[PDB]
Amino acid sequence: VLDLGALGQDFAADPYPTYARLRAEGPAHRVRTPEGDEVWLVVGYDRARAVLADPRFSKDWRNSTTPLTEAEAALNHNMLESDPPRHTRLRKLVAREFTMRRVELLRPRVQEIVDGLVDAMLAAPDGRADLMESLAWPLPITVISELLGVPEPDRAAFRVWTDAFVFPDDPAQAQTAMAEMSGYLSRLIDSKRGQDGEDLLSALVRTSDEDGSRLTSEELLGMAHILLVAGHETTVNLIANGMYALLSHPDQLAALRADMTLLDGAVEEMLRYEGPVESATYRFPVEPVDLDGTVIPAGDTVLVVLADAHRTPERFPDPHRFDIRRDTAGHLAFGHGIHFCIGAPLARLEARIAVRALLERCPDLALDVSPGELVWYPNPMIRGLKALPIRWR
Ligand code: HEM
Ligand SMILES: CC[C@H]1OC(=O)[C@H](C)[C@@H](O[C@H]2O[C@@H](C)C[C@@H](N(C)C)[C@@H]2O)[C@@H](C)C[C@H](C)C(=O)/C=C/[C@H]1C
């Protein structure tokens with residue numbers, strides 16, 4: 001039983017060697033996450049892609065040996081933590097809001113938010129800033145908050161709750177944060193009743209009130225929570241991890257600067273090279289599963305390591321090479337199967353507009369600290385930085 005906790009920041013900063021080491025012996029391994037969670041890891045691209053879409057692996061806690069806590073049980077009635085038919089029904093409720101055509105209409109506004117954030121950033125007399133605080137965090141929370149209808153003065157509370165979910169001081173902090181967020185969402189939800197709002201939450205509230213059978217109040221709350229949190233810590237880290245990748249690879253940054261039509265390709269390679277999701281969300285086998293000899297008992301917690309999949313040579317030649325011109329087709333940065341990220345088009349839009357704005361307005365943009373000085377968060381499911389110092393002329 002490998003204990004990831006005893007590996008420290010060394011493993012947090014560069015977990016790849018550890019994963020590949022495990023991939024060499026087999027596809028599934030038992031480990032102890034930093035928080036003390038005894039879980040299973042699935043490494044290797046082929047096995048990883050298969051498991052993500054293998055119906056034998058449920059996301060419904062009723063099939064999990066580990067029980068939900070009281071505060072967690074208040075938010076699990078959402079699509080990411082359910083199997084069909086519930087999943088089918090819940091996702092249908094919002095699929096239409098996230099199509100590429102629907103998201104494209106948001107381009108003008110996303111552009112506004114980015115230009116404003118960059119305007120403010122370039123106001124620094126020293127030509128220095130923390131990209132995490134100036135853009136990576138502000139952009140994502142602003143967009144999703146406007147789509148759902150979260151008042152501006154309430155958006156700060158989320159960075160706090162979100163942090164307590166990722167790198168909580170103690171187990172209790174996370175639980176308290178959930179209870180608070182849970183209480184806030186219920187109040188936000190109730191405040192929309194009778195107000196004729198046209199934001200997504202208001203529509204959902206109307207749907208639930210009209211027929212509690214199509215969307216129960218537990219699910220309304222669950223839906224509001226998943227849409228706000230599943231795309232927060234992820235888009236934030238994509239922007240930051242992606243810019244770090246570019247800034248730590250001068251040659252690639254130059255090629256993109258020279259030819260901006262490589263942008264879309266650059267963004268995909270960022271997802272594949274330094275995607276924010278190191279490990280997918282909890283899966284629980286509904287029956288004992290045998291992965292090439294290793295048997296994962298029913299009920300155990302399983303984590304598909306997307307990061308290791310992205311470094312499998314057979315799938316991505318010269319894995320450790322960050323190449324924006326590389327063939328990325330097949331990466332699992334957004335998952336695979338029925339739970340495939342519903343916010344992918346919106347994630348891609350924000351990332352594309354943010355990367356272009358920095359390259360075209362920050363002359364001689366450069367990393368303002370050495371790669372080795374950067375600090376990464378411990379949590380195995382999330383790949384993200386504590387801060388990203390940058391500078392320009
Ligand atoms: C670059 C940013 C993003 C990445 C890399 C990402 C990644 C993922 C991944 C890996 C999954 C499935 C994981 C699993 O199967 O356990 C997923 C699911 C999901 N994502 Fe994203 N996501 C991002 C942005 C977004 C955005 C912007 C939203 C919100 C608008 C969002 C909403 C969701 C939801 C609600 C699900 C559940 C889908 C379902 O269960 O049917 N994601 N995302
Ligand atoms: C969709 C990929 C990202 O994951 C999340 O957003 C997960 C689902 C979210 O997980 C947990 O949030 C709690 C508030 C409720 C809990 N459930 C038991 C009711 C749910 O599993 C994040 C808060 C967890 C991780 C740490 C994260 O920040 C994002 C990870 C992405 C992989």
# chains A, B, ... in the order shown; residues from 1 in each chain; ligands from 1

$ residues_around --residues "residue 146 (chain A)" --least-positions-apart "2" --cutoff "12 Å" --atoms "only C-alpha atoms" --output "compact mmCIF listing (two decimals) with C-alpha atoms, in the first residue's frame"
# COMPACT_ATOMS: atom_id res chain seq x y z
CA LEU A 106 -21.10 34.24 -24.77
CA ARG A 109 -19.03 39.03 -22.85
CA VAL A 110 -16.13 36.68 -22.05
CA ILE A 113 -14.22 40.29 -18.84
CA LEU A 139 -12.33 35.04 -15.20
CA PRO A 140 -13.91 31.61 -14.43
CA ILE A 141 -15.90 32.63 -11.36
CA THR A 142 -17.23 35.74 -13.11
CA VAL A 143 -18.51 33.89 -16.17
CA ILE A 144 -20.24 31.01 -14.34
CA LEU A 148 -26.23 31.13 -12.92
CA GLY A 149 -27.09 34.41 -11.23
CA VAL A 150 -24.73 34.63 -8.25
CA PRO A 151 -24.59 38.24 -6.94
CA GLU A 152 -21.17 39.86 -7.28
CA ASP A 154 -21.23 36.62 -2.93
CA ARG A 155 -18.56 35.36 -5.34
CA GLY A 197 -35.22 36.08 -13.49
CA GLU A 198 -33.85 34.81 -16.82
CA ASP A 199 -30.57 33.37 -15.51
CA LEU A 200 -30.03 29.59 -15.46
CA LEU A 201 -30.69 29.11 -11.74
CA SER A 202 -34.02 30.97 -12.08
CA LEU A 228 -20.56 26.13 -9.87

$ residues_near_ligand --ligand "ligand 1" --cutoff "7 Å" --atoms "only C-alpha atoms and all ligand atoms" --output "MDAnalysis selection string"
chainID A and resid 52 79:81 87 91 144 226:228 230:232 234:235 238 271 275:277 280:282 332:336 338:344 346:348

$ write_last_selection --atoms "N, CA and C atoms" --output "compact mmCIF listing (two decimals), in the first residue's frame"
# COMPACT_ATOMS: atom_id res chain seq x y z
N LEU A 52 -13.21 4.72 -17.42
CA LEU A 52 -14.03 5.92 -17.40
C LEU A 52 -15.43 5.68 -18.00
N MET A 79 -25.77 15.24 -11.32
CA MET A 79 -25.40 14.32 -12.39
C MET A 79 -24.05 13.61 -12.26
N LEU A 80 -23.02 14.31 -11.79
CA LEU A 80 -21.71 13.68 -11.66
C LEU A 80 -21.65 12.58 -10.60
N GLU A 81 -22.62 12.58 -9.69
CA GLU A 81 -22.66 11.57 -8.65
C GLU A 81 -23.90 10.71 -8.78
N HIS A 87 -28.98 10.17 -13.95
CA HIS A 87 -28.00 10.98 -14.67
C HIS A 87 -28.58 11.47 -15.99
N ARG A 91 -28.98 15.59 -16.61
CA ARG A 91 -28.19 16.25 -17.64
C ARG A 91 -29.05 16.85 -18.76
N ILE A 144 -19.25 31.94 -14.89
CA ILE A 144 -20.24 31.01 -14.34
C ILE A 144 -21.23 31.70 -13.40
N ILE A 226 -23.04 21.54 -8.39
CA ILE A 226 -22.15 20.93 -9.35
C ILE A 226 -21.73 21.88 -10.48
N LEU A 227 -22.67 22.67 -10.99
CA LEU A 227 -22.37 23.60 -12.08
C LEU A 227 -21.40 24.70 -11.66
N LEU A 228 -21.44 25.09 -10.38
CA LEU A 228 -20.56 26.13 -9.87
C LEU A 228 -19.18 25.62 -9.48
N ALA A 230 -17.80 22.23 -10.28
CA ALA A 230 -17.12 21.36 -11.23
C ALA A 230 -16.32 22.13 -12.28
N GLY A 231 -16.72 23.37 -12.53
CA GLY A 231 -16.02 24.17 -13.52
C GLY A 231 -15.16 25.28 -12.95
N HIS A 232 -15.09 25.37 -11.63
CA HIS A 232 -14.31 26.41 -11.00
C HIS A 232 -12.83 26.05 -10.90
N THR A 234 -11.27 23.74 -11.92
CA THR A 234 -10.71 23.22 -13.15
C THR A 234 -10.32 24.28 -14.18
N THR A 235 -11.24 25.17 -14.55
CA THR A 235 -10.91 26.19 -15.54
C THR A 235 -9.80 27.09 -15.01
N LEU A 238 -6.58 25.36 -15.50
CA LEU A 238 -6.24 25.19 -16.91
C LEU A 238 -5.52 26.46 -17.37
N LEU A 271 -4.20 20.98 -22.10
CA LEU A 271 -5.12 20.07 -21.45
C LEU A 271 -4.45 18.71 -21.30
N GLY A 275 -3.13 19.19 -17.74
CA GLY A 275 -4.54 19.33 -17.42
C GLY A 275 -4.75 19.43 -15.92
N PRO A 276 -5.75 20.20 -15.46
CA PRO A 276 -6.06 20.39 -14.04
C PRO A 276 -6.58 19.14 -13.33
N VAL A 277 -7.12 18.19 -14.08
CA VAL A 277 -7.62 16.98 -13.44
C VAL A 277 -6.57 15.88 -13.48
N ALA A 280 -9.64 11.48 -11.99
CA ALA A 280 -11.08 11.64 -12.14
C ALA A 280 -11.80 11.47 -10.79
N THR A 281 -13.08 11.82 -10.76
CA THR A 281 -13.85 11.71 -9.52
C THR A 281 -14.18 10.26 -9.16
N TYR A 282 -14.48 10.03 -7.89
CA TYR A 282 -14.79 8.71 -7.37
C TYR A 282 -15.70 7.81 -8.19
N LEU A 332 -7.89 12.65 -22.27
CA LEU A 332 -9.01 12.46 -21.35
C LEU A 332 -9.22 13.62 -20.40
N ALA A 333 -8.62 14.77 -20.70
CA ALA A 333 -8.72 15.95 -19.85
C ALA A 333 -10.14 16.29 -19.44
N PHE A 334 -11.12 15.97 -20.29
CA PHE A 334 -12.53 16.24 -20.01
C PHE A 334 -13.30 14.96 -19.67
N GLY A 335 -12.58 13.86 -19.54
CA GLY A 335 -13.24 12.60 -19.23
C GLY A 335 -13.58 11.83 -20.49
N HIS A 336 -14.47 10.86 -20.35
CA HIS A 336 -14.90 10.02 -21.46
C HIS A 336 -16.14 9.22 -21.06
N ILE A 338 -20.46 8.78 -20.60
CA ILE A 338 -21.64 9.57 -20.26
C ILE A 338 -21.39 10.75 -19.33
N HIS A 339 -20.26 10.77 -18.63
CA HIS A 339 -19.98 11.89 -17.72
C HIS A 339 -19.02 12.89 -18.33
N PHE A 340 -18.73 12.73 -19.63
CA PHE A 340 -17.84 13.63 -20.35
C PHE A 340 -18.22 15.06 -20.00
N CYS A 341 -17.23 15.88 -19.66
CA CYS A 341 -17.48 17.26 -19.26
C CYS A 341 -18.50 18.00 -20.11
N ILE A 342 -19.55 18.48 -19.46
CA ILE A 342 -20.61 19.22 -20.14
C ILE A 342 -20.18 20.67 -20.41
N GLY A 343 -19.17 21.13 -19.67
CA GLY A 343 -18.70 22.49 -19.84
C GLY A 343 -17.47 22.66 -20.73
N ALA A 344 -17.09 21.60 -21.43
CA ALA A 344 -15.93 21.64 -22.31
C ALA A 344 -15.90 22.82 -23.29
N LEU A 346 -17.31 25.72 -23.07
CA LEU A 346 -17.14 26.96 -22.33
C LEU A 346 -15.73 27.06 -21.74
N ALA A 347 -15.17 25.92 -21.33
CA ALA A 347 -13.83 25.89 -20.77
C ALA A 347 -12.86 26.31 -21.87
N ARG A 348 -13.02 25.71 -23.05
CA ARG A 348 -12.19 25.99 -24.20
C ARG A 348 -12.28 27.46 -24.63

$ closest_atom_pairs --of "region 278-314 of chain A" --to "region 37-46 of chain A" --cutoff "8 Å" --atoms "only C-alpha atoms" --output "CSV"
residue,atom,partner,partner_atom,distance
A:296,CA,A:40,CA,7.9
A:300,CA,A:39,CA,7.1
A:301,CA,A:39,CA,5.2
A:302,CA,A:40,CA,4.6
A:303,CA,A:41,CA,4.9
A:304,CA,A:42,CA,4.7
A:305,CA,A:43,CA,5.5
A:306,CA,A:45,CA,7.6
A:308,CA,A:43,CA,5.9
A:309,CA,A:45,CA,3.8
A:310,CA,A:45,CA,6.8
A:312,CA,A:45,CA,6.0

$ residues_around --residues "residue 361 (chain A)" --least-positions-apart "6" --cutoff "10 Å" --atoms "only C-alpha atoms" --output "number ranges by chain"
A: 115, 118-119, 122, 392

$ write_last_selection --atoms "C-alpha atoms" --output "short mmCIF file (atom, residue, chain, number, x, y, z; two decimals), in the first residue's frame"
data_model
loop_
_atom_site.label_atom_id
_atom_site.label_comp_id
_atom_site.auth_asym_id
_atom_site.auth_seq_id
_atom_site.Cartn_x
_atom_site.Cartn_y
_atom_site.Cartn_z
CA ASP A 115 -9.82 42.73 -21.55
CA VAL A 118 -5.81 42.38 -18.34
CA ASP A 119 -6.28 46.19 -18.34
CA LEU A 122 -1.05 45.96 -16.82
CA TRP A 392 6.49 41.90 -18.76
#

$ atom_distance --atom1 "CA of residue 145 (chain A)" --atom2 "CA of residue 157 (chain A)"
12.1 Å

$ select_by_dssp --residues "region 178-287 of chain A" --states "alpha helix (DSSP H)" --output "number ranges by chain"
A: 178-192, 200-210, 217-229, 232-247, 250-258, 263-274

$ closest_residue --among "A:241, A:328, A:379, A:261" --to "ligand 2" --atoms "only C-alpha atoms and all ligand atoms"
A:379

$ residues_around --residues "residue 61 (chain A)" --least-positions-apart "5" --cutoff "10 Å" --atoms "only C-alpha atoms" --output "number ranges by chain"
A: 66-68, 73, 76-77, 81-83, 282-284, 299, 301
